[PDB]
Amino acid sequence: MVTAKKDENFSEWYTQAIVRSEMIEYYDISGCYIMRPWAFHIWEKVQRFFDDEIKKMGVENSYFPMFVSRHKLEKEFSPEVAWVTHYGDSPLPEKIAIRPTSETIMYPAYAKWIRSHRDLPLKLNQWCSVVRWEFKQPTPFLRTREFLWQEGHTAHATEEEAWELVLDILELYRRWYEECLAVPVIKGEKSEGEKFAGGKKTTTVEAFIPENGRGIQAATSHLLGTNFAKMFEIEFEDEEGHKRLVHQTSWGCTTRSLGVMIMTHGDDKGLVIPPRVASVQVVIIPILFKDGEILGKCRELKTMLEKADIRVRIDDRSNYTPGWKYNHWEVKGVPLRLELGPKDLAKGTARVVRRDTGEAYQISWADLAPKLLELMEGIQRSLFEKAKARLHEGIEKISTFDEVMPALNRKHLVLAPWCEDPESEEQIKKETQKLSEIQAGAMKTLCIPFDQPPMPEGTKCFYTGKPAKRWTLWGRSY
């Protein structure tokens, strides 16, 4: 049972929801959390979706070691890297690092495997864990010191083909968030301050948490250019015979995704899981009080529902009350609850409640599969749309710096015309830190959206005064 109100104390709400749903268990090593099956099975679904998709692009999976030697890693962040120094009581000759990211592990093998134009495109992915000693406050899913991710890394003959892939991947991240988790996101380009300094252009998919006004990078996909190619000597021979540097990409997305889905659709009763990723779509609860028939129809219903590929549990555990079950599967966010007592049995009917609105329906045995399929689409589409609206009511389109803090104090992002000059962003981060401080924080660029509004002729940068270039989305962030 959940008692903190999503709209009052958000961080306590979140903790209760992830704990009492049995998604997360607390752990003694700071920044690390145990992922219990209810949370893990959802990761399995997004993992499979993404994995299948990238496979259709010819990306292949691999596994590179979790250790990188010191001199390889330290060749061109630093404070977050975890170092192994001993085995038993014996010190290693040279300390070794646990993978924070894999560029320095993968790229020397690339330099080696890539020799001609015939060896391209090389497209590889891996699913693994990563360790970073995050200095910021940890949060289950969103920011953990060990997290699970995929990282994709690719090499191409031309910038054209690599950029095409950057976008294809970005679009798969939209789909992971938008089609699987029903979380709206905004495609965009990172400002030169926020991008991966190893690359030429970083693209992003960005999300928003209404309850605390924080934007959050949902995933990332980089046009690396050739900088890593010169650094690692990844070059090939073209059609002619001239040696050329490859054009690279990398891209990653994490268990952070689960966190965002939980915050987006969660309510005061706990989780709400979208049907496309719910391990249990429909839970069937037999009502039993004061004394056998019914258990038999329940089983028939499951088998019916499974021909529709509907994922179904029967909670027929006799050591729990029906009301306990109601509450349990509610807090866990099961999309549909199908009840069945004596009175229903004779009617040939079933009482079904949907988790997102609490609405109830009486539905005859014969109408279940198509009606539940109907209802499940509605829940999914409906969670997305209520979140898309929340997202858009959360962004304020604006023209001057004096608009900012009021918008930030309403826990909103702002969309603003900016000249995209280095200094401004840092000045904006600091002045906003200072105004937040004294109010007793900082606002950064989240992205430059692909979907640009029109920019009239003499429109000015909302902060410098210089002439604006494009519309940039700003806010407080994770």
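Think of the rigid core as the biggest set of C-alphas that the two forms share within 1.5 Å after superposition. The first residue of the shown sequence is 1; numbering continues from there.
The stretch that moves more in 7 other deposited structures of this protein, judged by CA deviation after a rigid core superposition and choosing between 319-327 and 358-366, is 319-327.
Note on 247-255 and 296-304: with rigid core alignment, C-alpha atoms in 7 other deposited structures of this protein sit farther from this form for 296-304.
Coverage remark for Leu413: present in the model in all other entries compared whose chains are built on both sides, leaving no third without it. For the cut-off of one third of the other compared entries, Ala440 qualifies: that many or more give it no coordinates while modelling its flanks. Per the record, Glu76 and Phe77 are separated by 4 to 9 deposited residues that have no coordinates.
A chain break between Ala440 and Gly441 is present, corresponding to 10 or more residues of the deposited sequence without coordinates. The question of which stretch, 116-124 or 149-157, has the higher mean Cα B factor is settled in favour of 116-124.
As the entry records it, the average C-alpha temperature factor is higher for 390-398, out of 390-398 and 130-138. For the set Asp356, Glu192, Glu206, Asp315, the PDB entry puts the maximum C-alpha B factor at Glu192. Comparing the listed residues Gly88, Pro100, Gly225, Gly296, the entry records the largest Cα B-factor for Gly296. Annotation for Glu457: CA B-factor lies in the highest third of the chain's modelled residues. The deposited CA B-factor of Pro274 belongs to the lowest third of values across its chain.
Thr104 sits in the lowest third of its chain by CA B factor, as recorded in the PDB entry.
Ranked within its chain, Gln427 lands in the highest third, by CA B factor from the PDB record. When the modelled residues of the chain are ordered by C-alpha B-factor, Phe289 sits in the highest third.
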